[PDB]
Amino acid sequence: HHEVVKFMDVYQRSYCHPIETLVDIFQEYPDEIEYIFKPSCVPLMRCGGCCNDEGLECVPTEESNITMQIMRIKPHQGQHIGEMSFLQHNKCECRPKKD
Amino acid sequence: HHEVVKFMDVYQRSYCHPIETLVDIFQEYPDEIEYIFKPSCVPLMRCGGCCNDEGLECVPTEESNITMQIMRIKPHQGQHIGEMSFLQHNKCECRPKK
Amino acid sequence: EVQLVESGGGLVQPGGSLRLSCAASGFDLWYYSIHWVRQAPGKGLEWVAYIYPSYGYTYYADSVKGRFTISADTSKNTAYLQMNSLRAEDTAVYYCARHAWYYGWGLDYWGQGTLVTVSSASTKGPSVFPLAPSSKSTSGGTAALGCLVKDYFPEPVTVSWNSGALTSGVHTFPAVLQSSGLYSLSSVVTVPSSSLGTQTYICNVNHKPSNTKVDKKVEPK
Amino acid sequence: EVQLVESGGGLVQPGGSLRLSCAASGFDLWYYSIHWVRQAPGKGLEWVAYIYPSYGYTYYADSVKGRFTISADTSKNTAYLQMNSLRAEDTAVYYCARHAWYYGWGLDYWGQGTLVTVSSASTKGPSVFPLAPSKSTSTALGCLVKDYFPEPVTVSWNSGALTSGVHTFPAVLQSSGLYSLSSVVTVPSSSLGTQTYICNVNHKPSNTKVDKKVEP
Amino acid sequence: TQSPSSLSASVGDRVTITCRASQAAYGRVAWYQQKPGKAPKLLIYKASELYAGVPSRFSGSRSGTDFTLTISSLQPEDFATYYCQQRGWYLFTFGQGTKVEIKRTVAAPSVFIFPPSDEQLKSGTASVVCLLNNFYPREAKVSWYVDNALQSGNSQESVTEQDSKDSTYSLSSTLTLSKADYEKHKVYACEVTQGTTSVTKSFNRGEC
Amino acid sequence: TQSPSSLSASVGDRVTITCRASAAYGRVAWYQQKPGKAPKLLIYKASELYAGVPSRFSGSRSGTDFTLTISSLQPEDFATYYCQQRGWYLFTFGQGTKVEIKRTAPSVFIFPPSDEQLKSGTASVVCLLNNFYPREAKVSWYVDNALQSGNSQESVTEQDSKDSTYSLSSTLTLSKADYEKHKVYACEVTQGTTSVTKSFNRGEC
Ligand SMILES: *[C@@H]1O[C@H](CO)[C@@H](O[C@@H]2O[C@H](CO)[C@@H](O[C@@H]3O[C@H](CO)[C@@H](O)[C@H](O)[C@@H]3O)[C@H](O)[C@H]2NC(C)=O)[C@H](O)[C@H]1NC(C)=O
Ligand SMILES: *[C@@H]1O[C@H](CO)[C@@H](O[C@@H]2O[C@H](CO)[C@@H](O)[C@H](O)[C@H]2NC(C)=O)[C@H](O)[C@H]1NC(C)=O
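Residues numbered from 1 in each chain as written, not as in the entry; some residues may be left out. Chains lettered and ligands numbered in written order. Heavy atoms only, no water. Residues with missing side-chain atoms left out of burial classes, pairs and counts.

Listed as the method for this PDB entry is X-ray crystallography; the listed resolution is 3.50 Å.

A. View of the overall build of chain E. A count of helices and strands for chain E gives two helices and 17 strands. Computed over its C-alpha atoms, the radius of gyration of chain E comes to 23 Å, more than 25% above the 17 Å expected for a compact globule of 208 residues. For chain E, restricting intrachain contacts to residue pairs at least 6 apart in sequence, the fraction spanning at least 24 positions comes to 57%. (Helix = DSSP H or I, 4+ residues; strand = E, 2+ residues; numbered from the N terminus. Rg over C-alpha atoms; globule rule 2.2 N^0.38 Å. Contact = heavy atoms within 4.5 Å.)

B. Here's a closer look at the interface of chain A and chain D. Of the residues lining the interface, 12 residues belong to chain A; the matching set on chain D comes to 11 residues. Mapped by element, the contributors of at least two residues to the side of chain A that touches chain D are α1 (7-13) and β6 (78-96) of chain A. Ranked by residues supplied to the side of chain A that touches chain D, first place goes to α1(A) with six residues.

C. Summary view of the interface of chain C and chain E. Taken together, the contact pairs 45 residues of chain C with 39 residues of chain E. Listing elements by their share of the side of chain C that touches chain E, those giving two or more residues are β4 (34-39), β5 (45-52), β6 (57-60), β9 (92-99), β10 (107-110), β12 (127-131), β13 (142-152) and β17 (183-192) of chain C. When the residues that make up the side of chain C that touches chain E are grouped by side-chain class, the tally is 27 nonpolar, 13 polar and five charged. (Nonpolar A, V, L, I, M, F, W, Y, C, P; charged D, E, K, R; others polar.)

D. Local environment of the side chain of F:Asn130. Within the secondary structure, F:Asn130 sits in strand β12 (residues 122-132). Looking at F:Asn130, its side chain comes within polar contact range of the side chain of F:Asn131, at 3.3 Å. Sequence-distant contacts of F:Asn130, defined by excluding residues within four places in its chain, comprise D:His167, D:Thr186, F:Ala105, F:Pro106, F:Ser107, F:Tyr166 and F:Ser167. (Polar contact = N/O pair within 3.5 Å; in protein donor to acceptor, adjacent residues only side chain to side chain.)

E. Spatial organisation of the domain arrangement of chain E. All names here are of chain E. One can read the domain layout of chain E as domain 1 (2-102) and domain 2 (110-204). Summarising the inter-unit geometry, the C-alpha centres of domain 1 and domain 2 are found 37 Å apart. Listed per partner, the contact involves six residues of domain 1 and five residues of domain 2. Split by residue class, the side of domain 1 that touches domain 2 holds four nonpolar, no polar and two charged. (Domains from an automatic or database assignment.)

F. A look at the state of the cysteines. One disulfide bridge connects B:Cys47 with B:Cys92, the sulfur atoms lying 2.0 Å from each other. Linking B:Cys47 and B:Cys92, the disulfide has an S-S dihedral of approximately -110° and is accordingly described as left-handed. With B:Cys47 in the loop between β4 (41-46) and β5 (56-73) and B:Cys92 in strand β6 (residues 81-96), this residue pair connects regions lying 45 residues apart in the sequence. In this model, C:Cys147 is linked to C:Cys203 through a disulfide, with the two sulfur atoms separated by 2.0 Å. Handedness of the C:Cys147-C:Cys203 disulfide follows from its S-S torsion of about -100°: it is left-handed. (Disulfide = S-S within 2.5 Å.)

G. The arrangement of the pairing of β12(F) in detail. Residue and element names in this part refer to chain F. In terms of strand pairing, strand β11 (residues 108-111) meets β12 through four bridges, oriented antiparallel. Within the sheet, the bridge partner assigned to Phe109 lies in β12 and is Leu128. Note that β12 and strand β16 (residues 166-175) share 10 bridges and pair antiparallel. Counted as the bridge partner of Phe132 is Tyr166 from β16. (Pairing = 2+ DSSP bridges.)

H. Looking closely at the arrangement of the chains. Separated without contact, chain A and chain E have their nearest C-alpha atoms at a distance of 15 Å. With respect to C-alpha atoms, chain E approaches chain F no nearer than 44 Å, and the pair has no contact.

I. How the structure looks around the sheet that holds strand β3 (residues 18-25) of chain C. Residue and element names in this part refer to chain C. Pairing is antiparallel across the open sheet formed by four strands, whose spatial order is β1-β3-β8-β7. Either end of the sheet is taken by a strand with one partner, and the two such strands are β1 (3-7) and β7 (68-73). Across the sheet, the axes of successive neighbouring strands diverge by a mean angle of 15°, strand direction being ignored. Pairing of β3 with strand β8 (residues 78-83) involves six bridges; the strand directions are antiparallel. If you follow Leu20 over to β8, its bridge partner there is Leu81. (Axes fitted to C-alpha atoms, helices over the stretch in contact; angles between N-to-C directions.)

J. Looking closely at the UniProt feature "disulfide bond" in chain B. Residue and element names in this part refer to chain B. For the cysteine pair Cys47 and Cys92, annotated in UniProt as disulfide-linked, the sulfur atoms lie 2.0 Å apart, within bonding distance in this model. A sulfur-sulfur distance of 2.0 Å is found for the UniProt-listed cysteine pair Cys51 and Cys94, consistent with formation of the disulfide (criterion: under 2.5 Å). Placement of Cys51 in the loop between β4 and β5 and of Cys94 in strand β6 is noted, with a sequence separation of 43 residues between them. (UniProt positions renumbered as here; feature names shortened; annotations may be inferred.)

K. Seen up close, the packing of aromatic side chains. With a centroid separation of 5.1 Å and an interplanar angle of 20°, the aromatic rings of A:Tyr15 and D:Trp101 are classed as stacked. Pair noted here: A:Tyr15 is in the loop between α1 and β2 (19-24) and D:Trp101 is in the loop between β9 (92-98) and β10 (108-110), and the two residues belong to different chains. Geometry around C:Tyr57 places B:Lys91 over its ring, the cationic atom sitting 3.0 Å from the centre. Seen from the ring of C:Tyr32, C:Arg98 lies directly overhead, with NZ or CZ sitting 4.8 Å from the centre. (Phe/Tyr/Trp six-rings, centres within 6.5 Å; stacked < 30°, edge-to-face > 60°. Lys NZ or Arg CZ within 6 Å of the ring centre and 35° of its normal.)

Written out as structure tokens, the structure is:
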């Protein structure tokens, strides 16, 4: 009644690669404070994953932008659905730890 | 070329739901420090997404365990691949805070 | 732009199978939810099942567990409800719906209704007799004429008038399961008496279950 | 365990089309990488293209860009390289391979090799003549596969059994324009008729199968 | 459960149905509107939020385990049966259903009679029809009289739903028999006892 | 680029191929191309070694110059070796290195045209040279001791994994008209040591 994942798959799926990552818009647009956003977060393919080597780190290499429809709701005064843009990671990579 | 996500689509794809999250194995089993694990992280269905109201938060409701293979690198000669278990979130929900 | 379109309705003897189909337009099914709710003749609603494609969720109702199976093909943007050991009580009209989170725990844009009948009785093509607008049936400026669709099985039957154009004041009455076991209905339309036979009057009956097409002319008696 | 299987190879006239198929075993394409690497006649390898299913990556080399398209059908565990404007240079053996991250940037389990010939000539079936074993009376026989097109032709001996001491020669471009090769096997004279002597030739491009017996 | 099981108000009257959620399922209740033999449309989500397009007269509130749907100005368009859905992962709990009829200033029916067609008579069966249009209320004991003879076990009745405009019904009773009993009798009467109105319309097989 | 172009050592002789990287963060591979077969990889991430690959195989990195090392060269490792420079959006294969091996009897044969081929309309005589080394062996044909060229088609096998010897096949193709007009068909091989020849008689069988 139980399931196992083979090691080849574990290494493969948890590697450095763009993953759909849910990101709260607050983290991305911190200056529009006097505006609550509905939904509060957006799905963005961001970087992530093990490089399995100290020298290297999961860094983005190809980046682009997706504009999505978001309800900018002023807290109690009025709302409007505006096209706020966000950054996404097309491609990531494992590159040395510059230091 | 340009791309847009419809509001209903944004809401649904970012609504509270189990999403693949890469988690370092230390965070779950912080045992055996002098022991390398390859890969360092595992992909886990963890909760995440907007609950779209401050009062409530995206919390798990159905949880169980998945055993996955991790290459245990011994301090010196040894490369045994062991069946480390981890917890995963089958189902999430939007429930009040505390 | 969002639409759900259903098909697959018909008749099945107790013990048989049938797959219902719910295709979607203007919105991807993958990141959403398709539910099936069955309405028995004259009875309340009954949630049959659901599928949550991008979530991997397939939970079914207790009455249909094992007998029925929900599924979805992302490319055709279409869910399917394969019912396999249909018993009599399962007879109902089946609706499909979307469950979006912006509208919470709730079913927005619904289907039309696809009818499934579980009986061992046999399909009978209909017979259509006119209901002539007799001068006695003429209520002054208001005249009454209609069509009588008799001895057909199973449901449904569609009755338009004059290829859809004549709609004002038409009263297609519900069907009755005559004690014989065949369905029967009667559609009427209050038409101007002045129109008499000057305006043509043809009722278009269709019995898609039996693939029968009958367009009968109503003329003064 | 992990296996890659190729198909779609054959002959196509200049300008024509053909789809290669690469099915995968013990291993999902979705979480991995499939490449097409073509090895031109007598030349080195050439990365044709790749597809990375779970990433949405379809990068092709510039020579085939636009002409070719890589793709994958998840249900059948299969990659496809649909070639649409096959030109002469496209002639090659096309390999499909897996790129797993555990081995870094690299092609682990490889394909088998499927041959694609871009020629407007027509397929020609082969002929097999025996090479009967006094000169061989000094340990002794072979087969001659003549007048076939296009490559390849496989010539086993005794349904796979006869393998020790087999020296299947490469093909020759006969002045006519047809290929020709010679499969030989050094067999002892003392053996005489104790075993059997039959070469099994197969020309799947022409769908020919010839199991000819070689005797003096 | 739903409550009330069934109800009839008049035009303008505010009306509120209440739904029980003894399983405290976090106010996931919703309300749906089922018009005559059509597709259930949704009206209220999150037990108080309102779908786009749904009229402002629709609204919901929750008294703990008692969710209510409120219609401010009952207008004739809002004639339907309403259901409440408790929802919940692994939970639906559809409501009993509440039929919403509307009072329409009691009116006399516009009775008609249709004899069996010569083709129907030719089929070996005769059907006499009686039409009752634009009448209220719906409870109208229709009676058939063949040469002033009350008819039993041969009358099949069928009624429409309150028309969106007049909010009155339409009834159709069918006297069915064989072609023999149609050519053997002359007077075919159809009376409708509707409250204080005993309307009747008839024909003479001869008149045909 | 790759280096050496070709090399002949013996068993045990340490042998090292070198690959240039005009670099991409030391993401390199090494592959072994057996005679007309599937390239199998030997080295990934420019130093790691594939499963099964012999301990005698090794890799190294001189900044931008990556090398493949075989310590005790064993006969099985006859192939063409390639290096994969890789690149996320710029994958590029290495030049390739032929792995030749100098060896420590020629055993020549001849087979006449089959009567079927003869009857077909053209006659083909074949001459076999098995388990021989090295190359550059211009084959000579003599129809009634008359030098024959441009009617000889040669083909050579690949270095056998064990003995590291070759195999050759020369074909005299002609019309049955110019055939059957002669009895002696001799086939010579250019060997500065002993330039051996083999023949047959049509009248005999
Ligand atoms: C996606 O959008 C990101 C937003 O983070 C872009 O990066 C930033 O884009 C803005 C354009 O709105 C750049 O504008 C800057 O404006 C100031 C105004 O004073 C000016 O001083 C600068 O010279 C510049 O014009 C900004 O530099 C840029 N970078 C930052 C903020 O670090 C970017 O265009 C997109 N990224 C993609 C497509 O990957
Ligand atoms: C997942 O794995 C853990 C660790 O193996 C298991 O938890 C065991 O059982 C109880 C849980 O309350 C505790 O005593 C420890 O966490 C574990 N004990 C032993 C002896 O293993 C269990 O299989 C899962 N735990 C979860 C889902 O919480």
